[PDB]
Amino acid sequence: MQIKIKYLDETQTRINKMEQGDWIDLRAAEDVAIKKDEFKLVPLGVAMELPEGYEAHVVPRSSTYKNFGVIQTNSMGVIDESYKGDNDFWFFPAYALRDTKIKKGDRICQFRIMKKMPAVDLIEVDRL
């Protein structure tokens, strides 16, 4: 199956090929400084069309906290197959636990795709 990827501009680092199944590192599109106890949506400089029936999950890297002192505010980001527009760029929602500087090109998070959940009928009941 395939992913189509548009970059914000020619200066964004092209990302890893995916012929092995490993999660794929995504990078800051520009310098971002965040003060302690402040929040920033860090641009990742990438828009994607994911295979039909799939979604992507985004979490921080293992060394993200050590190096940058940030947590991801939504825990795990979900990118649906439908977020496939030419302006549908990806962002890492960063809350800083300490004063920090993130530089353009720094790897800041990682993503993989997964099959979206199957067809389900929700049915209300009065008692389990």
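Think of the rigid core as the biggest set of C-alphas that the two forms share within 1.5 Å after superposition. Don't overthink the numbering: it's just position in the shown sequence, from 1.
- Each structure in 4 other deposited structures of this protein is fitted to the shown form on the rigid core, and of 8-16 and 114-122 the C-alphas lie farther away on average for 8-16.
- When the two stretches 23-31 and 80-88 are set side by side, the higher mean Cα temperature factor goes to 80-88.
- As recorded in the PDB entry, 13-21 is the stretch of 13-21 and 107-115 with the greater mean C-alpha temperature factor.
- Among all modelled residues in its chain, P60 ranks in the lowest third by Cα B-factor.
- Compared with the other modelled residues of the chain, the Cα B-factor recorded for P51 ranks in the highest third.
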